[PDB]
Amino acid sequence: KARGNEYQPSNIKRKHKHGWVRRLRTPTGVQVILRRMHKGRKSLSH
Amino acid sequence: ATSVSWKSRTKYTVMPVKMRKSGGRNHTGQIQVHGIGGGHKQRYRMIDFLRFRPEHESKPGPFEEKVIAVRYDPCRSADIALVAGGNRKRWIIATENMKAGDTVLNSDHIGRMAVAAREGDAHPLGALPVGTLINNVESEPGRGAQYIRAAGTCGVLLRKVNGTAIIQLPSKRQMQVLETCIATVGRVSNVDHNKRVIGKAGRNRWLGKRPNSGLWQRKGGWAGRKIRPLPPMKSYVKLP
Amino acid sequence: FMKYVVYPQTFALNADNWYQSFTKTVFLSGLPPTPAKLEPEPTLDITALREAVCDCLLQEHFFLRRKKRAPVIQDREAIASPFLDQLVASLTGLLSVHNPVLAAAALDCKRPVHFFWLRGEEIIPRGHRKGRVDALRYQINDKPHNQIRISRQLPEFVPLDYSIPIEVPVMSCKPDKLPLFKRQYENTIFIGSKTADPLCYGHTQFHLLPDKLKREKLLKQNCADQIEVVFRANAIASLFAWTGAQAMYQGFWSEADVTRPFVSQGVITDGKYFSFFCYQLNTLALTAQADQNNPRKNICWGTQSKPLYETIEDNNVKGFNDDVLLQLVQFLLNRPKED
Amino acid sequence: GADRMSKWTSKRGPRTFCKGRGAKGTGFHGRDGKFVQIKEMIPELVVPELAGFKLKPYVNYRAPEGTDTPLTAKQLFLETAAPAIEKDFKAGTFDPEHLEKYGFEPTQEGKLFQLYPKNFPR
Amino acid sequence: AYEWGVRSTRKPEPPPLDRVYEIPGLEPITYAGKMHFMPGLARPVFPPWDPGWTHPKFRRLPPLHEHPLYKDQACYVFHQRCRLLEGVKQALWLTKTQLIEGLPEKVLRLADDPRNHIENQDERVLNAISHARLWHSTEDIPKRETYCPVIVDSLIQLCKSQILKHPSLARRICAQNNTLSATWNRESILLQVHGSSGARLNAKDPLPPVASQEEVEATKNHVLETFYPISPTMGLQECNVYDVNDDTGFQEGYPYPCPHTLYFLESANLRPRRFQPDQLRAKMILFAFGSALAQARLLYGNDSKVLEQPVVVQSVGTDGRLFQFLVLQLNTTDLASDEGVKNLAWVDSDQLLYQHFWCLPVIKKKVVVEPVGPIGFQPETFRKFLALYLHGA
RNA sequence: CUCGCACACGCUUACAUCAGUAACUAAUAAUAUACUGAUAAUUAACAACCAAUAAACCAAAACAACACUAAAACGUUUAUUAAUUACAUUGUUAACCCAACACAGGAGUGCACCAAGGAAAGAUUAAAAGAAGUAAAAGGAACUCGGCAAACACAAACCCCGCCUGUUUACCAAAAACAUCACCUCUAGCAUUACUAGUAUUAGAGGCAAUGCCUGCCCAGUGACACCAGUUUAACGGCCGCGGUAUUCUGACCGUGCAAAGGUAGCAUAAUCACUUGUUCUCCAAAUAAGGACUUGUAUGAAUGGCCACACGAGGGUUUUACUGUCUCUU
RNA sequence: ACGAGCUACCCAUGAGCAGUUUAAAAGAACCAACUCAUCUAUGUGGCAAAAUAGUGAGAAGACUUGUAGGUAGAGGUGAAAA
RNA sequence: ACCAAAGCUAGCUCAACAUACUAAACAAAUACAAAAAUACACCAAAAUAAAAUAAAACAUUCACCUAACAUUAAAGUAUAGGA
Ligand SMILES: [Mg+2]
Ligand SMILES: [Mg+2]
Ligand SMILES: [Mg+2]
Ligand SMILES: [Mg+2]
Ligand SMILES: [Mg+2]
Ligand SMILES: [Mg+2]
Ligand SMILES: [Mg+2]
Ligand SMILES: [Mg+2]
Ligand SMILES: [Mg+2]
Ligand SMILES: [Mg+2]
Ligand SMILES: [Mg+2]
Ligand SMILES: [Mg+2]
Ligand SMILES: [Mg+2]
Ligand SMILES: [Mg+2]
Ligand SMILES: [Mg+2]
Ligand SMILES: [Mg+2]
Ligand SMILES: [Mg+2]
Ligand SMILES: [Mg+2]
Ligand SMILES: [Mg+2]
Ligand SMILES: [Mg+2]
Ligand SMILES: [Mg+2]
Ligand SMILES: [Mg+2]
Ligand SMILES: [Mg+2]
Ligand SMILES: [Mg+2]
Ligand SMILES: [Mg+2]
Ligand SMILES: [Mg+2]
Ligand SMILES: [Mg+2]
Ligand SMILES: [Mg+2]
Ligand SMILES: [Mg+2]
Ligand SMILES: [Mg+2]
Ligand SMILES: [Mg+2]
Ligand SMILES: [Mg+2]
Ligand SMILES: [Mg+2]
Ligand SMILES: [Mg+2]
Ligand SMILES: [Mg+2]
Ligand SMILES: [Mg+2]
Ligand SMILES: [Mg+2]
Ligand SMILES: [Mg+2]
Ligand SMILES: [Mg+2]
Ligand SMILES: [Mg+2]
Ligand SMILES: [Mg+2]
Ligand SMILES: [Mg+2]
Ligand SMILES: [Mg+2]
Ligand SMILES: [Mg+2]
Ligand SMILES: [Mg+2]
Ligand SMILES: [Mg+2]
Ligand SMILES: [Mg+2]
Ligand SMILES: [Mg+2]
Ligand SMILES: [Mg+2]
Ligand SMILES: [Mg+2]
Ligand SMILES: [Mg+2]
Ligand SMILES: [Mg+2]
Ligand SMILES: [Mg+2]
Ligand SMILES: [Mg+2]
Ligand SMILES: [Mg+2]
Ligand SMILES: [Mg+2]
Ligand SMILES: [Mg+2]
Ligand SMILES: [Mg+2]
Ligand SMILES: [Mg+2]
Ligand SMILES: [Mg+2]
Ligand SMILES: [Mg+2]
Ligand SMILES: [Mg+2]
Ligand SMILES: [Mg+2]
Ligand SMILES: [Mg+2]
Ligand SMILES: [Mg+2]
Ligand SMILES: [Mg+2]
Ligand SMILES: [Mg+2]
Ligand SMILES: [Mg+2]
Ligand SMILES: [Mg+2]
Ligand SMILES: [Mg+2]
């Protein structure tokens, strides 16, 4: 019915989907971290 | 991610072990079989299909056991029976007229004389008369009863030639195996399973059958009444 | 609504005084005045009672063969709890001949006692309800080791309007620094049974101290004066909750203040030591709007700790105190009035 | 959405997430679910006697300082072991096989406070 | 056959060794020098790690044959929660006793005598039942694990209330969780009742024998019924480490030596977790037999002989509302041969204290059809319990 | 006037005290839980972390006495090892979360319906038009596509379509669509991750829809088995012309031709091309509306299923009263 | 490359359905909590990038719902609404 | 008269040279859900580049298109091309 509230916060889900261990457990996430470091991001992951 | 199967249990247990159903999902997570999922919570009763299984290797002779209870099993369409003999109990597939407090004999001896086949007996195909009704038939000696198990289904022994037994399966197909294969005489319990009626669409969901898709598919060449010849005999005896 | 959870067996340093502030009860050292109008009844067998007590000691300490306890520390919980149960049962059975009430009494084994009351006011400091007056609520959920419940109430110790020069200690501080913490759950008033139980009165309570409140534990924590304070707080909380449950089962509450005092006896037992308390509830109007002109105060009579045995060794009891046994005998032989 | 620049601490998590603030553990978990604390694991603060110690946290201002000469291995050897080895060599008693008497240690695993493994906190 | 293990969930086989390790006289180059894994180097093989200093918590479990008490002959242990297939039948076979339906004559005479009754018997029993089922807990419907011990202790206190009239019950004391060990060899089978019971009442004075010599001699002509397909050791724990020692719950010089009554409680919320009445009766038979064996072997000796003074023990099992009473008289010790005298047992079974209890008032068609309280009440079960309690005096 | 207390998840100090608000935030002031500065705070008993290895163990939870089918989470005991010695670490505020906002929206659980929470109106006048509510003479659907809305009623019936409960186009379509029990086909004689820890009374790929009467003809074409013949339509799908004839309308009948058969039973102006407002009867004073009959519908038709039937439906049409501002005609 | 914290469907673990008629916990009936959204009127840069009020259907089941996980685009899932 | 407008600086870009090429800080913790001292393992992996465009369409073809051999000529020559 009403949209826009699709983001229901959850720390466990956030850390299991975009956490550091989740990023590093796959080579694609490692490449994502490499791209963020090359760009100079202050926060690489959650 | 990859899921782990629930069947991690090496030791045999009489008590029902809890099982994790998976609806059409393989180890990857994609649907491989459609129309499965959302069933009722069930436990698994460990069934010993190898009927002739002596307790101790010191005495390999035929052994007699006693039926304790005939109970319902949600996993299969048949009704199972707890049978105790020696120092251990086990679940087996109950035949048609097995009741609580019955005698069961399990033998592998073959002689020139056929044994009077009762309903609870488990004798090799070579020791049974030429035209008996059998179930839980075996492929290779010692392999185990993979074949007939469903409620009310039973094959028929046809003939024994050259140390080799031929049976007729419920699909009216002839199966050739060694005469040493252990089989149980009689029909499987719950013969009225074919005559049961599902009262509503909810009973299918209780059994765990998701409704079919609504996509209308036009019938192809596969559709129609295909009158085929009977397939040739399936033989498992490895001729040298 | 929100309420404090008051624990009888507490680890706070000086919690007896805080419990007195919460309860409006005054603590008097020593036994209450003895009603010397008694008949020459106590001709019992002191030797037989000593034999029974020593047999219980030896059975729960050396005779009873249990499973091999790998921790060599030999925790006194599993050593004293069955001992306390068997001692209570044996004493009740032996003294029931002299006291017919104990035969008709019911013995509760580790059955909870719940009480919930109000005391004073408090302006809400934080939240959207800041600046409004909220009454302080307290709840006691005790688990006495052994309880004795009877049919008729025991007689009072002092009259209803008995006055004491000693005043209740009042704290110029919040209860959260005891420390106490607020919690919200079901606030039940429970005596040991439901209201339909014909035994709406009781006789005596038994409380076994936990391993957390051991004398050696307190000494290692550098607490010597708090050994008696632990007993005082336990008795003050438990007996008051028990008498309040009795009064509110009889039908008295803040606006229906109690007409006849409710008396209570309590025995608190460590692994080795014993202590005895007597509590008399007279006033139940502890709320702010009814305590404005309330002169009556609750009274708790207390006794100092006193050991029963001394380093029993190899099925032989070395030391024994007959005065503790006599005090237990008097507590169990106190009888309701006959009419 | 949620914040990423703030540090991930124990306050911003569920009940099942309870992370320490950096303190060292003092024991383990026993049998009945309780925590068993080991007295060997807690740091024992070795404090000296300051009653007869005639030293103050501050120095006299009129007192002079010194030229910065950091201590080094060669200087320490010269102050400690060089005179002894020199005396032994002059007397002819110097033994290259055994140098333990001059303060040298063959292995570190023997003594209590070891250097390379750094068994002492401070 | 059909192996019950699955290759996907079983422990994986170690990966095949690198091709370097099959070359004779060649030293593989691995990553063990850098203490971390790096591709391109061979997999190092490590010897079994040996913790020269043994740690209690983090060491491997010692094998069973290393234990000093390990013995070759497997003993069939019966512990507290053992289940028996043919409960009464296997119990009788393993214990060598003859079963009797009714309670003993002296028990009946003590029970049916109105003089030994309580002042207000029916009212006190109803009050105890109501307190146990409803009043003892703040919850509306208390659980069986709660109201089974409560009702058992309430009945015990009701029986104790008769000590005023009978000044002989003071010779008894209760006991909780005491180890019982009674091992015997029967028909070349080493059985051992070993474990702990719910509650145990002990007394200074022995319980007089109840079986008469006529019944004892008639027991000689009785034959124990046999079950062929099932072995007598069904449901027992086959153990290889044990001690052949008659260890009762107490040490020597105990003041209350003779066990009077065992108390068993089926305090479990689930029917599968509870015992069947048959299995409960078997458990009581075996535990009373173990206690009687301990007493007989501490009084007379370890020799296998017929007892001129039989040892009689009592037991009560409580499901919460169903009571099973048992009086077992051990008369012989030699159980290897089946041609001798058999022990005796009176098993009074399926005794309902009350039919049903309604914790809440059931309302049908806007009216109360049945009020709060137990529907159906059989005081005879309580009378038998009181007779068992007062059997000593 | 009554959505209040607490906990879980989530936000991080937005919480408390003092001081200031000319301006910054409140959609405006007063002042301040929402702005600024300074100082303090949430103290564990509630919660997180809190044994393994073998063996005895089929007997449901629903007041559980004992039973039903869909067969059902939730446990002890025994034996071997489980550092043994106070006080460990962590969450404790809030008027708060997700919606760009101090948003009439979306939010799990335990308690009671107030003993707790708040204010519809910034101040006037009382124009039109608009939204909401109440009441109404006589009439009582005459208004309108439709009785939509409203109403002092809140009933009885007749048809079409789907058996029924249910699901669907989040955000213009909730249905006559899908699914459904039932009935039919086809595809498989079998082992360690789906199917399945199952074995043809089984498991998949599908069609049509309970039940009752039934499902008529055809392998000529295209598919599928058979590796060619031959079998299959509850497979894809098709089931006729021309002309004269009984006594005038018709054609029982005959001649001839092509086909694999030439549309059987049933129903019928239908949700069924156009002619159509087909003809006739009932209902109304009037009817292209509704229902019942006639019926070549040369483009109806039998599991892409054909016919009736109970119950059912916010599905689509038609009536009888009762009801009323829908309307006469608004106030 | 990143997405199943919304939604489609599953997998583990939990929680809810008060009252009334009924031998019934009958994919029964009335009506609450709860879940959907039939009709109308406002709203149409609004309270709202789908709402409010009135009125409706289900309401012991093919029912809702909390937490965690999985199926990722030449695909997933789908009681087919492309 | 408000609103306003104007500075010359921070710094950037293109090259050349150049040591030879992942800057500084790393006391403690950092791939448990990162900044959380501490327990009997599993660790790991490779299989062509495609198309948008041009040929006025589009199927064969379409340089450069993250692979060192640079410069002056041979030479836009021989050849390869739905030629
Ligand atoms: Mg958004
Ligand atoms: Mg199945
Ligand atoms: Mg079945
Ligand atoms: Mg289907
Ligand atoms: Mg379909
Ligand atoms: Mg962000
Ligand atoms: Mg947290
Ligand atoms: Mg929290
Ligand atoms: Mg501690
Ligand atoms: Mg925020
Ligand atoms: Mg302002
Ligand atoms: Mg501020
Ligand atoms: Mg708070
Ligand atoms: Mg206004
Ligand atoms: Mg107006
Ligand atoms: Mg109006
Ligand atoms: Mg009106
Ligand atoms: Mg009017
Ligand atoms: Mg009209
Ligand atoms: Mg008109
Ligand atoms: Mg209407
Ligand atoms: Mg109407
Ligand atoms: Mg009407
Ligand atoms: Mg029509
Ligand atoms: Mg429908
Ligand atoms: Mg129907
Ligand atoms: Mg769906
Ligand atoms: Mg929807
Ligand atoms: Mg829509
Ligand atoms: Mg609808
Ligand atoms: Mg709609
Ligand atoms: Mg349909
Ligand atoms: Mg049919
Ligand atoms: Mg049909
Ligand atoms: Mg047909
Ligand atoms: Mg064909
Ligand atoms: Mg053909
Ligand atoms: Mg017709
Ligand atoms: Mg029709
Ligand atoms: Mg019709
Ligand atoms: Mg037409
Ligand atoms: Mg129309
Ligand atoms: Mg009309
Ligand atoms: Mg018409
Ligand atoms: Mg018509
Ligand atoms: Mg047609
Ligand atoms: Mg058609
Ligand atoms: Mg067709
Ligand atoms: Mg269709
Ligand atoms: Mg509808
Ligand atoms: Mg209708
Ligand atoms: Mg519907
Ligand atoms: Mg008017
Ligand atoms: Mg996920
Ligand atoms: Mg999800
Ligand atoms: Mg209901
Ligand atoms: Mg219903
Ligand atoms: Mg609405
Ligand atoms: Mg209205
Ligand atoms: Mg309804
Ligand atoms: Mg309905
Ligand atoms: Mg494409
Ligand atoms: Mg697709
Ligand atoms: Mg469609
Ligand atoms: Mg379409
Ligand atoms: Mg082009
Ligand atoms: Mg161009
Ligand atoms: Mg183009
Ligand atoms: Mg290209
Ligand atoms: Mg060419």
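Structure values in brief
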| read-out | value |
| --- | --- |
| Where only alpha carbons of chain C are counted, the Rg and the Dmax (Å) | 20.6, 68 |
| For segment E:122-193 and segment C:262-286, distance of Cα centres in Å | 29 |
| Peptide C:62-68, shielding by other chains (average Cβ, 10 Å cutoff) | 6 |
| Shape call, segment E:308-349: gyration tensor on alpha carbons, a/c limit 1.5 | prolate |
| Cα centroid separation, segment B:89-132 to segment B:181-215 (Å) | 27 |
| Overall dimensions of segment E:1-154 as given by Cα atoms, namely Rg and Dmax in Å | 33.5, 99 |
| Average other protein chain Cβ within 10 Å of Cβ, residues C:86-97 | 3 |
| Within-14-Å neighbourhood charge of C:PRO295 [Cβ basis; K, R +1; D, E -1] | -1 |
| 10 °C / 1.306 mPa s Stokes-Einstein diffusion coefficient of segment E:205-249, Kirkwood radius on C-alpha pairs, µm²/s | 103 |
| Selection of chymotrypsin sites (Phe, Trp or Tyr not before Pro), segment E:1-98, meeting DSSP coil and at most 10 other Cβ within 10 Å | E:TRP49, E:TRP53, E:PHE58 |
| Per-residue [θ]222 nm for chain D (sum of -39500 (n - 2.57) over DSSP H runs n ≥ 4, rounded to 500) | -4000 deg cm²/dmol |
| Straight-distance crosslink candidates among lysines, where the alpha carbon sits under 19 Å from C:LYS68 and sequence neighbours closer than 8 are dropped | E:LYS57 |
| Debye log10 I(q)/I(0) for segment B:1-107, one point scatterer per Cα, at q = 0.11, 0.14, 0.24 Å⁻¹ | -0.47, -0.69, -1.36 |
| Sparse-neighbour loop sites [chymotrypsin sites (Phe, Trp or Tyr not before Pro); segment D:18-75; at most 10 other C-beta within 10 Å; DSSP] | D:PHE53, D:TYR58, D:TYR61 |
| DSSP-loop GluC sites (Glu not before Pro) across segment E:49-129, with at most 16 other Cβ within 10 angstrom | E:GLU101, E:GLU119 |
| Cα-Cα separations in chain A greater than 17 Å, expressed as whole percent | 44 |
| Ellipsoid equivalent to segment B:31-77 - semi-axes via the Cα gyration tensor, in Å | 35, 15, 8 |
| Cβ-defined net charge surrounding E:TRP49, 14 Å radius [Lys, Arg +1; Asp, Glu -1] | +1 |
| Of all DSSP beta bridges in the protein assembly as shown, antiparallel share, percent nearest 5 | 80 |
| Residue range of chain D that is longest and free of GluC sites (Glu not before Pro) which are both DSSP loop and sparsely packed (at most 10 other C-beta within 10 Å) | D:1-39 |
| Ordering of C:262-271, C:283-292 by packing [mean C-beta count within 10 Å, highest first] | C:262-271, C:283-292 |
| Sorted peptide list for A:30-41, E:194-205, criterion being average Cβ within 10 angstrom, highest first | E:194-205, A:30-41 |
| log10 of Debye I(q)/I(0), alpha-carbon scatterers only, for chain E at 0.12, 0.15 Å⁻¹ | -0.98, -1.39 |
| 10 Å binning of all Cα-Cα separations within chain B, expressed as whole percents from 0 upward | 7, 25, 30, 25, 12, 2, 0 |
| Compactness of segment E:136-196 as Cα Rg over 2.2 N^0.38 Å, two decimals | 1.77 |
| Alpha carbon centroid spacing (whole Å) that separates segment E:270-334 from segment C:132-207 | 46 |
| For C:3-12, mean number of other protein chain Cβ atoms within 10 Å | 0 |
| Residues of type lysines that E:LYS11 reaches as a straight line, Cα spacing below 20 Å, ignoring anything fewer than 8 places off in the same chain | B:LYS7, B:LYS11 |
| Residue-averaged [θ]222 nm for chain C, counting only DSSP H segments that reach four residues, each worth -39500 (n - 2.57) | -8000 deg cm²/dmol |
| Relative contact order computed over chain B (Cα-Cα under 8 Å; 6+ residues apart), in percent | 18 |
| Cα-projected label distance for B:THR10 with C:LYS174, points at 7 Å along beta-carbon direction, nm | 6.0 |
| Rounded if a/c under 1.5, otherwise prolate or oblate - the protein assembly as shown, Cα gyration tensor axes | oblate |
| Cα gyration tensor category, rounded, prolate or oblate, for segment B:108-188 with a/c compared to 1.5 | rounded |
| Under the span-like rule (Cα at least 18 Å along the axis, Kyte-Doolittle mean at least 0.5), DSSP H helices of chain E | E:277-299 |
| Per-residue [θ]222 nm for chain E (sum of -39500 (n - 2.57) over DSSP H runs n ≥ 4, rounded to 500) | -7000 deg cm²/dmol |
| Simple spin-label estimate for D:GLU97 and B:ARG196 in nanometres, 7 Å along Cα-Cβ | 9.3 |
| Set C:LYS130/C:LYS297; E:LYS143/E:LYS283; B:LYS41/B:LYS209; A:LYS17/A:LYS42 screened for pairs whose C-alpha atoms are more than 25 Å apart | C:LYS130/C:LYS297 |
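Virtual Cβ from ideal backbone geometry, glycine too; neighbours counted across all protein chains shown. Every number in this text was worked out from the coordinates using simple rules, so none of it is lab data.
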